[PDB]
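A.B. asks: This is the structure, below, for whatever I ask next.
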Amino acid sequence: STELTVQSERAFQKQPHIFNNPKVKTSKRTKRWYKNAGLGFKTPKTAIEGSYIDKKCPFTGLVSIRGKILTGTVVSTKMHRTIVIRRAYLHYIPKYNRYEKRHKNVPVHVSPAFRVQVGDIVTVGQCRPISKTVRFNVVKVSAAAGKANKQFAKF
Amino acid sequence: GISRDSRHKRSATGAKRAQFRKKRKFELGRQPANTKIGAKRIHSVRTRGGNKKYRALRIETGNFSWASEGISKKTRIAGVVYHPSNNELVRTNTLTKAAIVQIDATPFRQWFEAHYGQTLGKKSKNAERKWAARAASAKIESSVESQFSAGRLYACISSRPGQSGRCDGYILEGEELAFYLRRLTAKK
Amino acid sequence: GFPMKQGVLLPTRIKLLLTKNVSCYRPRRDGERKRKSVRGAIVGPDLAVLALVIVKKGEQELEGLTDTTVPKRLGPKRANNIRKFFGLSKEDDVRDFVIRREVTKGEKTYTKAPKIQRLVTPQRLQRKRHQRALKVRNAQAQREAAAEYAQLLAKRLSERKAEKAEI
Amino acid sequence: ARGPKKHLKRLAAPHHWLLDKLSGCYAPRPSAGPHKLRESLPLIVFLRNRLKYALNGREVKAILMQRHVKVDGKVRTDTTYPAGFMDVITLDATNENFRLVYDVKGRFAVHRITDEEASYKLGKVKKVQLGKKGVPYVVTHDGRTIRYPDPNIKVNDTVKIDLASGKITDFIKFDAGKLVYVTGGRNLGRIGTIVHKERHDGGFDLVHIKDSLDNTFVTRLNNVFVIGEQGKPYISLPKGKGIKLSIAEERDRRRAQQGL
Amino acid sequence: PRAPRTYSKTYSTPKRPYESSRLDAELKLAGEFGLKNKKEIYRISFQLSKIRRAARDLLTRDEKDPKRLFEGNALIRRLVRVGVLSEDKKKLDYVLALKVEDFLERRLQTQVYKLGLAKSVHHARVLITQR
RNA sequence: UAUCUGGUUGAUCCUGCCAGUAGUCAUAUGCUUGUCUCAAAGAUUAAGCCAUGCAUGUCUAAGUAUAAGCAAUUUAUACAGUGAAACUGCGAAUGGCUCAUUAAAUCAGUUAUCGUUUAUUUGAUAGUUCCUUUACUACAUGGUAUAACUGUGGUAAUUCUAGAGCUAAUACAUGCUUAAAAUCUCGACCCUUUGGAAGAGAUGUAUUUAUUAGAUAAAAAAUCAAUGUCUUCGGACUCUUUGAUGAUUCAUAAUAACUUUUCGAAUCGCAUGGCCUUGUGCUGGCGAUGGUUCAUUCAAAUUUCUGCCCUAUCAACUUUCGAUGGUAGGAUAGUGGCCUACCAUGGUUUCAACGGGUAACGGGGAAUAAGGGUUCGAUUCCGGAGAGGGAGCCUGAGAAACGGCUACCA
RNA sequence: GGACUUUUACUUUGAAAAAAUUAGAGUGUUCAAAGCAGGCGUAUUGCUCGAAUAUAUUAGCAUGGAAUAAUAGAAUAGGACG
RNA sequence: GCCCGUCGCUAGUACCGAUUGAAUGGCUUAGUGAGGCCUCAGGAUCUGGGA
Ligand SMILES: [Mg+2]
Ligand SMILES: [Mg+2]
Ligand SMILES: [Mg+2]
Ligand SMILES: [Mg+2]
Ligand SMILES: [Mg+2]
Ligand SMILES: [Mg+2]
Ligand SMILES: [Mg+2]
Ligand SMILES: [Mg+2]
Ligand SMILES: [Mg+2]
Ligand SMILES: [Mg+2]
Ligand SMILES: [Mg+2]
Ligand SMILES: [Mg+2]
Ligand SMILES: [Mg+2]
Ligand SMILES: [Mg+2]
Ligand SMILES: [Mg+2]
Ligand SMILES: [Mg+2]
Ligand SMILES: [Mg+2]
Ligand SMILES: [Mg+2]
Ligand SMILES: [Mg+2]
Ligand SMILES: [Mg+2]
Ligand SMILES: [Mg+2]
Ligand SMILES: [Mg+2]
Ligand SMILES: [Mg+2]
Ligand SMILES: [Mg+2]
Ligand SMILES: [Mg+2]
Ligand SMILES: [Mg+2]
Ligand SMILES: [Mg+2]
Ligand SMILES: [Mg+2]
Ligand SMILES: [Mg+2]
Ligand SMILES: [Mg+2]
Ligand SMILES: [Mg+2]
Ligand SMILES: [Mg+2]
Ligand SMILES: [Mg+2]
Ligand SMILES: [Mg+2]
Ligand SMILES: [Mg+2]
Ligand SMILES: [Mg+2]
């Protein structure tokens with residue numbers, strides 16, 4: 001989520017062991033570290049371009065992605081830097097030889113590199129426990145919106 | 001004692017979870033070192049599977065790194081000036097990681113002048129060689145030359161004294177020193 | 001019969017909490033503490049006995065004490081302890097100055113001496129010799145296989161400069 | 001449950017051991033060592049249940065305690081000692097040398113091998129890294145740490161080992177079309193060649209396989225163990241060369257072999 | 001903590017308890033092969049019905065299907081062995097047919113009589129049970 | 001292995017229940033009871049209470065023996081066989097029992113540790129230890145202080161122990177050491193250059209911190225600050241070195257330092273031999289116990305996906321006194337609201353949240369045999385929890401242990 | 001190796017998979033419930049077959065299918081290839 | 001012929017109900033707070049700042 005400021009904490013935000021010697025006059029000021037998390041997900045240039053710190057960024061942080069790769073429609077974007085998707089699925093009741101709609105709300109951390117709004121389909125990746133509940137991380141946005149700029153005013 | 005389990009703690013739904021089994025020694029936790037200044041005093045602590053941990057309580061010197069200079073010295077820790085987590089740490093001069101402290105300066109003086117031959121603030125043979133081999137590399141920095149006047153340099157604790165019994169850190173600089181500076185005074 | 005316990009003061013009894021290495025307690029399991037009672041270190045009329053120890057002998061022999069004198073059961077057993085009970089310099093050879101105890105077996109009078117420990121002997125020196133030797137022997141060994149591998153990589157870069165000189 | 005479990009209930013014992021249901025109620029729990037529990041064969045089982053050489057286990061003790069038996073060269077006195085796949089059991093009396101090796105049904109066979117083939121073992125480097133002081137090393141599936149291997153040598157390749165001295169004499173890369181011995185699955189004990197390898201980044205590489213009967217199947221790459229060329233295996237394979245016949249096929253060969 | 005000792009019953013019991021006609025048929029069977037109780041019949045017809053089950057089941061799977069060939073022949077060959085099944089009807093819709101007496105005619109109780117040696121299905125019993 | 005039958009009416013056809021009927025690895029009880037084999041069994045009720053006895057102890061040639069122990073013989077005047085006791089070591093964290101609590105907990109199948117600890121076994125692994133560095137530091141081996149025992153005692157009482165006198169080590173506590181080499185900093189002198197030099201120290205591993213290396217997405221140029229190797233003194237730099245993963249700040253290495261400095265054998269058994277300048281010099285066989293780091297094996301801890309019975313006469317739940325998330329720290333073996341501080345207002349819910357019930361441990365399974373189902377699983381295997389109820393903790397690799405301790409309650 | 005991929009459901013095949021239990025093959029425990037044995041000789045110095053197979057499903061993984069059933073796309077062109 | 005209710009008897013079950021009725025079990029505010037662990041002190045004694 002973030003946006004603005006970047007240095008808006010009591011603590012000074014920075015990447016661990018990414019030194020910039022002030023002696024050596026530079027044109028970019030702060031050297032930045034990023035990675036390619038693998039598994040075929042482009043690390044959006046807005047991770048490389050950006051300035052946000054986020055130690056839970058799968059591209060500019062110390063989290064690593066491995067295990068389950070899931071997708072769900074974004075259903076809530078109200079928590080700073082983490083959203084809550086709703087993965088739905090039909091479940092088989094064998095006495096009746098029919099299915100019923102269930103669902104789950106997996107809470108996942110989202111890196112500033114992505115901007116997400118509610119409704120977007122997302123693709124998440126499992127990582128270490130990052131909080132009390134989040135065990136996944138936003139790793140690709142699939143949708144865009146919902147054809148929103150084609151819902152405008154009059155002729 | 002303390003238990004780092006999560007099996008208390010309401011469920012994300014908010015439900016109250018029952019008691020299932022008693023506290024296990026491996027999900028335990030111990031108390032804080034609340035390490036402070038002065039007179040070295042440390043207590044080893046038997047952790048899981050052999051393995052000592054070293055609880056510092058009272059430390060007075062520590063190893064500190066001039067980052068843009070690639071050296072290190074141990075110096076007296078003058079005390080604490082800032083702490084992002086808790087103000088009471090600053091007031092009790094408690095040493096923890098990410099603490100902001102002041103250190104003895106002079107050993108970083110003694111080195112600099114003996115390495116650059118320039119003296120901060122305000123004649124041998126091959127010595128002259130070296131001192132003149134360097135510089136154009138001696139420029140230091142406005143706000144880091146400054147602190148030397150006071151004989152007290154600002155440095156961030158990087159070690160975890162509660163764990164290692166060490167109290168090590170790096171002198172503040174650049175963008176980072178700029179941060180704590182602004183903070184330090186617009187509250188002073 | 002509760003024992004006194006030095007440095008607890010009080011002329012009364014209290015219940016302490018004792019550990020390994022302490023008076024009035026022989027633990028029964030590695031790191032066990034039992035909570036027991038204890039009489040204080042302050043002499044009172046509630047005692048049955050004082051344990052006392054002479055420090056200066058006055059003017060009159062006390063029959064069963066001064067008048068008589070029992071010996072010490074055992075003699076020195078370690079190397080230098082012998083040397084130090086007699087005063088010898090690491091020279092005078094312990095093996096004669098060890099202490100021999102006679103005993104009779106009906107009509108066989110026997111003689112039995114200790115077993116000096118930490119005694120410097122040929123066998124020890126031999127092991128000391130082998131220590132230092134094997135430490136160095138493998139040292140050089142490791143250096144050998146070392147440079148043996150540097151070759152493997154060195155005439156592999158001549159195999160990658162005859163491969164890159166082919167095409 | 002407060003600590004390492006030290007017993008094995010016969011019933012929970014690995015089945016490819018072929019221990020009878022009754023006559024007790026424990027089995028031997030394999031010791032700690034070179035191969036995993038669920039995939040070894042303790043000296044007590046091989047010396048008593050295969051070899052029929054001791055009756056009691058008490059006897060298996062008395063046999064071993066005479067240093068008779070030696071595994072992979074070294075002597076091995078432990079009753080329960082975990083003996084695994086490719087190892088070399090050698091009775092110093094009797095002149096007998098065995099290489100532990102799989103059936104087709106999926107168990108270890110009693111496989112008599114030559115006095116001099118027994119002087120070297122085969123082993124799959126499960127990993128290679130960089131050790132202390134910059135020294136590289138490989139580690140085989142029996143926990144052999146072998147410093148200074150070949151640069152070409154890397155995981156899933158199998159290796160020829162001297163046993164005499166610790167070191168490696170040869171190796172075989174994991175190529176399409178190399179001899180392969182399936183060490184696990186319901187294709188455990190089968191043998192042959194390798195068609196191709198399905199990749200799958202994230203986990204579990206598949207290994208398409210055919211043998212000397214134009215028969216195919218697939219196992220996890222973990223369950224695959226390179227062992228030579230089509231035809232040419234670097235070790236003596238046991239009878240039936242791990243080929244796997246139909247139940248009806250096997251029913252015929254056993255009821256073709258009939259005339260006394 | 002030891003293994004399970006496994007067991008099974010060897011007999012079923014008649015649904016209706018009192019089919020006057022089934023009892024007729026049964027007691028006939030008894031006194032004709034010298035059996036002591038209805039269980040000796042309950043026993044057989046039970047194992048008889050499981051056989052017929054397996055058969056039934058197999059005769060659904062494809063002709064020349066793997067199972068019904070392996071387990072097909074196995075059943076046939078075992079039956080023919082002990083001499084219940086007839087050599088001609090050697091393809092398992094007779095196993096589907098079959099019937100109880102067929103099994104009855106092969107007890108050693110009965111053979112001991114059938115070829116001389118007893119002259120009574122009961123003398124048969126006594127002799128056999130008397131070593 | 002796809003079956004019904006009696007009972008409503010004066011008679012009739014339906015509805016429909018009651019009854020009959022059959023099995024139960026399903027308890028009991030009654031009556032009766034001869035042979036083989038097989039063999040469950042204080043679960044249900046009271047995870048109610050328990051007399052007494054037993055259920056955890058353990059020694060190799062190979063840590064410790066002056067038993068004032070036995071044996072004497074067979075070489076042993078330091079020791080030697082055998083060996084009580086006691087020290088030291090290791091195990092007692094397995095096993096066995098029970099099903100009390102427990103309903104998204106356990107448990108199952110399926111994942112994760114690029115999120116950790118790991119006795120042991122197995123494989124690998126240590127020339128670096130001292131000091132201003134000629135009148136040297138025990139290395140041919142440095143320190144005491146204890147049990148056992150001896151003796152003096154106390155109490156109704158216990159696997160109670162006191163005062164005194166001894167004496168061991170693989171207990172406790174110390175502390176020597178070994179090749180060459182290179183690279184770094186200093187640098188006395190000399191002499192002006194384009195600049196070089198005696199010789200001085202630092203440099204095992206581990207710990208803590210900071211900075212670098214760890215390339216590769218196909219090819220090339222100029223210049224700044226330093227400054228590498230070879231002159232054919234304008235100058236060139238030509239060959240140039242790279243590990244694994246889907247992925248990392250990985251494996252590994254380098255630089256400046258830090259440490260009440262981790263480890264680097266003061267250990268024990270069998271043999272006793274080479275070799276001369278004959279010093280009892282220098283060497284030297286087999287193998288036991290150890291010892292740091294890595295690996296392996298035994299494990300463990302957390303962990304992803306999906307799946308639980310009845311209940312709305314439970315509809316809103318969650319944040320007192322963390323409920324959802326962010327930053328920082330602390331704490332842990334380690335991730336993590338695990339805890340704290342600051343900050344935000346979140347998280348769940350008719351697709352049933354939350355609450356209640358369970359005569360609820362979960363599974364492999366068990367019973368009933370057209371099929372679809374219904375019911376059951378305390379209970380021989382796996383997992384889990386407990387040891388009268390709670391909490392707390394020592395020891396240790398591993399316990400929140402109960403045939404360990406401490407407290408409160410009963 | 002680079003550069004990118006509208007979403008599902010269903011279905012086929014396969015991996016990974018505990019044993020005992022169930023189904024089931026082999027074998028004359030004297031029969032049988034069982035058991036995993038056993039069987040052949042030179043029975044004076046050994047020969048030898050065995051210890052199958054299937055099921056294992058809801059989920060997860062791997063893969064063949066492209067009917068049936070969803071979902072997304074170019075209408076203020078803020079389209080598509082170059 | 002069937003048949004409805006009050007009313008009377010005997011028996012049995014459930015309900016409502018003064019007793020601000022009673023018991024068991026699970027959570028729990030507040031007050032009080034054992035014990036061990038951590039910690040600041042303490043120094044009986046016992047040797048080299050530490051025990
Ligand atoms: Mg928020
Ligand atoms: Mg000794
Ligand atoms: Mg074992
Ligand atoms: Mg993986
Ligand atoms: Mg009637
Ligand atoms: Mg009538
Ligand atoms: Mg009438
Ligand atoms: Mg009925
Ligand atoms: Mg009970
Ligand atoms: Mg029971
Ligand atoms: Mg009880
Ligand atoms: Mg003796
Ligand atoms: Mg247990
Ligand atoms: Mg002392
Ligand atoms: Mg020690
Ligand atoms: Mg580069
Ligand atoms: Mg690389
Ligand atoms: Mg690292
Ligand atoms: Mg000699
Ligand atoms: Mg209700
Ligand atoms: Mg946080
Ligand atoms: Mg709120
Ligand atoms: Mg409902
Ligand atoms: Mg219950
Ligand atoms: Mg159960
Ligand atoms: Mg149940
Ligand atoms: Mg119960
Ligand atoms: Mg588990
Ligand atoms: Mg427990
Ligand atoms: Mg309570
Ligand atoms: Mg307890
Ligand atoms: Mg116990
Ligand atoms: Mg399938
Ligand atoms: Mg089977
Ligand atoms: Mg009242
Ligand atoms: Mg504290």
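Identifiers for the structure tokens are assigned positionally: chains receive A, B, ... in sequence, residues are indexed from 1 per chain, and ligands are indexed from 1 in the order shown.
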What do you get as an MDAnalysis selection string if you pick all residues at most 9 Å from ligand 6, counting only C-alpha atoms (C1' of nucleotides) and all ligand atoms?

C.D. replies: chainID F and resid 8:10

A.B. asks: So which residues touch residue 17 (chain G) within 10 Å, counting only C-alpha atoms (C1' of nucleotides), skipping near sequence neighbours fewer than 3 positions away, as JSON, numbers by chain?

C.D. replies: {"D": [185, 186], "F": [109], "G": [56]}

A.B. asks: May I have the residues within 6 Å of residue 83 (chain A) as a PDB file with C-alpha atoms, in the first residue's frame, using only C-alpha atoms (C1' of nucleotides) and disregarding those fewer than 6 positions away in the same chain?

C.D. replies:
ATOM      1  CA  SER A  76     -10.670  -6.717   0.461  1.00  0.00           C
ATOM      2  CA  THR A  77      -8.022  -3.953   0.236  1.00  0.00           C
ATOM      3  CA  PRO A 107      -4.957 -13.112   3.738  1.00  0.00           C
ATOM      4  CA  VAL A 108      -1.832 -12.134   1.726  1.00  0.00           C
TER       5      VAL A 108
END

A.B. asks: Using only C-alpha atoms (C1' of nucleotides) and all ligand atoms for the distances, tell me which of F:62, F:378, F:105, F:139 is nearest to ligand 10.

C.D. replies: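 Selected residue with least distance to ligand 10: F:378.
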
A.B. asks: From a backbone DSSP assignment, name each residue in region 26-94 of chain A labelled strand (DSSP E or B), as a tab-separated table (two decimals) with N, CA and C atoms, in the first residue's frame.

C.D. replies:
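Saved as part.tsv:
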chain	number	residue	atom	x	y	z
A	69	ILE	N	1.38	-22.19	-5.06
A	69	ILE	CA	1.07	-21.03	-5.87
A	69	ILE	C	-0.44	-21.05	-6.09
A	70	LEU	N	-1.12	-20.04	-5.56
A	70	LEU	CA	-2.58	-19.98	-5.59
A	70	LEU	C	-3.04	-18.73	-6.33
A	71	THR	N	-4.31	-18.74	-6.71
A	71	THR	CA	-4.95	-17.57	-7.28
A	71	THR	C	-6.31	-17.39	-6.67
A	72	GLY	N	-6.70	-16.13	-6.52
A	72	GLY	CA	-7.99	-15.75	-5.97
A	72	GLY	C	-8.37	-14.34	-6.40
A	73	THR	N	-9.66	-14.05	-6.35
A	73	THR	CA	-10.15	-12.72	-6.64
A	73	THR	C	-10.00	-11.87	-5.41
A	74	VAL	N	-9.46	-10.68	-5.58
A	74	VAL	CA	-9.28	-9.77	-4.47
A	74	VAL	C	-10.62	-9.27	-3.97
A	75	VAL	N	-10.83	-9.44	-2.67
A	75	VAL	CA	-12.12	-9.20	-2.08
A	75	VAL	C	-12.06	-8.11	-1.02
A	76	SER	N	-10.87	-7.85	-0.47
A	76	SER	CA	-10.67	-6.72	0.46
A	76	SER	C	-9.29	-6.04	0.45
A	77	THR	N	-9.28	-4.72	0.25
A	77	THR	CA	-8.02	-3.95	0.24
A	77	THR	C	-8.08	-2.78	1.21
A	78	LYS	N	-8.06	-3.11	2.49
A	78	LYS	CA	-8.28	-2.14	3.55
A	78	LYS	C	-7.14	-2.12	4.56
A	79	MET	N	-6.27	-3.13	4.50
A	79	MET	CA	-5.12	-3.21	5.41
A	79	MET	C	-3.85	-2.69	4.70
A	82	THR	N	-1.37	-5.25	2.95
A	82	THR	CA	-1.80	-6.62	2.76
A	82	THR	C	-3.29	-6.69	2.47
A	83	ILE	N	-3.65	-7.56	1.54
A	83	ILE	CA	-5.03	-7.75	1.14
A	83	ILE	C	-5.51	-9.12	1.53
A	84	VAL	N	-6.76	-9.40	1.21
A	84	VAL	CA	-7.44	-10.63	1.58
A	84	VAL	C	-8.22	-11.12	0.39
A	85	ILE	N	-7.76	-12.19	-0.23
A	85	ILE	CA	-8.50	-12.69	-1.36
A	85	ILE	C	-9.49	-13.72	-0.88
A	86	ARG	N	-10.39	-14.07	-1.79
A	86	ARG	CA	-11.39	-15.07	-1.57
A	86	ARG	C	-11.21	-16.11	-2.64
A	87	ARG	N	-10.64	-17.26	-2.30
A	87	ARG	CA	-10.60	-18.39	-3.22
A	87	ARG	C	-11.87	-19.22	-3.02
A	88	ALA	N	-12.65	-19.38	-4.09
A	88	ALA	CA	-13.87	-20.17	-4.03
A	88	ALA	C	-13.62	-21.48	-4.72
A	89	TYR	N	-14.54	-22.42	-4.54
A	89	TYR	CA	-14.39	-23.78	-5.05
A	89	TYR	C	-15.63	-24.59	-4.77
A	90	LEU	N	-15.99	-25.51	-5.66
A	90	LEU	CA	-17.12	-26.40	-5.40
A	90	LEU	C	-16.68	-27.68	-4.69
A	91	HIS	N	-17.47	-28.16	-3.73
A	91	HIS	CA	-17.09	-29.34	-2.93
A	91	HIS	C	-18.06	-30.50	-3.08
A	92	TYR	N	-17.50	-31.70	-3.23
A	92	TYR	CA	-18.28	-32.88	-3.60
A	92	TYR	C	-18.89	-33.62	-2.42
A	93	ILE	N	-20.22	-33.66	-2.38
A	93	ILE	CA	-20.95	-34.45	-1.38
A	93	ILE	C	-21.39	-35.77	-2.02

A.B. asks: Distance limit 7 Å, reference ligand 13, atoms considered: only C-alpha atoms (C1' of nucleotides) and all ligand atoms. Which residues make the cut? Give them as JSON, numbers by chain.

C.D. replies: {"D": [1], "F": [94, 95]}

A.B. asks: May I have the residues from that selection written out with N, CA and C atoms (P, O5', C5', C4', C3', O3' and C1' of nucleotides), as a PDB file, in the first residue's frame?

C.D. replies:
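Saved file again-v1.pdb follows:
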ATOM      1  N   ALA D   1       6.458 -36.501  21.610  1.00  0.00           N
ATOM      2  CA  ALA D   1       6.625 -37.477  22.696  1.00  0.00           C
ATOM      3  C   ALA D   1       8.052 -37.529  23.284  1.00  0.00           C
TER       4      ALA D   1
ATOM      5  P     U F  94       9.584 -40.907  26.070  1.00  0.00           P
ATOM      6  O5'   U F  94      10.107 -42.328  25.603  1.00  0.00           O
ATOM      7  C5'   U F  94      10.746 -42.467  24.350  1.00  0.00           C
ATOM      8  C4'   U F  94      11.327 -43.840  24.179  1.00  0.00           C
ATOM      9  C3'   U F  94      10.338 -44.982  24.198  1.00  0.00           C
ATOM     10  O3'   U F  94       9.644 -45.116  22.981  1.00  0.00           O
ATOM     11  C1'   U F  94      12.220 -45.541  25.507  1.00  0.00           C
ATOM     12  P     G F  95       8.074 -45.442  22.981  1.00  0.00           P
ATOM     13  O5'   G F  95       7.949 -46.708  23.941  1.00  0.00           O
ATOM     14  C5'   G F  95       8.449 -47.982  23.572  1.00  0.00           C
ATOM     15  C4'   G F  95       8.555 -48.891  24.768  1.00  0.00           C
ATOM     16  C3'   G F  95       7.243 -49.377  25.349  1.00  0.00           C
ATOM     17  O3'   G F  95       6.702 -50.461  24.633  1.00  0.00           O
ATOM     18  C1'   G F  95       8.661 -48.673  27.099  1.00  0.00           C
TER      19        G F  95
END

A.B. asks: Please provide the set of residues having any atom within 10 Å of residue 67 (chain D), restricted to only C-alpha atoms (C1' of nucleotides), with same-chain residues fewer than 2 positions apart removed, written as a ChimeraX atom specification.

C.D. replies: /D:62-65,69-70,74-77,91-92
